[PDB]
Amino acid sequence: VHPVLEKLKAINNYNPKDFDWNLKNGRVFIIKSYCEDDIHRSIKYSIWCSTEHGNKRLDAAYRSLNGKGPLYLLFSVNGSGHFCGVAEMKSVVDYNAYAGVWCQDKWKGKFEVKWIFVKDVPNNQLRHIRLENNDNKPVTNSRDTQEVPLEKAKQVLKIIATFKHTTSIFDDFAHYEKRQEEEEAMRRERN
């Protein structure tokens, strides 16, 4: 286990056993990430960034929720065929600061997150749940920042929370540490 990840696991409480999936209120959105690298950076730095369109949608929902319930984010890397975890949105969107940690280097802005679940859940465990707000297409064919209606979100979160996973993005944390070192070395060589 890479020492950087060991410390993150020590300071956090990933994959809790008492998560309340029977949401009484709050709101739930799908996050469709470009790349595994972004998940690694988000876990390390507890920030996320979507496109300009996606950031505005998440900011508006977080602000309208007014702290009365949680806003959860269900993450899936594009092309992967699975979800890779769940985080809670923990701040308003900052539209002006570049985070400098995404595969899409051009993205401006960020918001704070708290990672709760970090676990791979195959799409075949969720594809039967359809979203009445996306003309009843499966939740697994959603685009980035698609909202999951509350009752469907309870079903999805129950499956994610209880799934006996075998793999997660933590498995090759060492690879992404090395990629970050190289990404940073490349920027230093430019300067």
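Each residue number is its position in the shown sequence, starting from 1.
- Checked against the record, the higher mean CA B factor of 131 to 139 and 55 to 63 lies with 131 to 139.
- Relative to one another, 117 to 125 and 82 to 90 have unequal mean CA B-factors, and 117 to 125 is the one with the higher figure.
- Highest C-alpha temperature factor among 145, 42, 155, 33, as the PDB entry reports it: 155.
- Sorting the modelled residues of the chain by their CA temperature factor places residue 49 in the lowest third.
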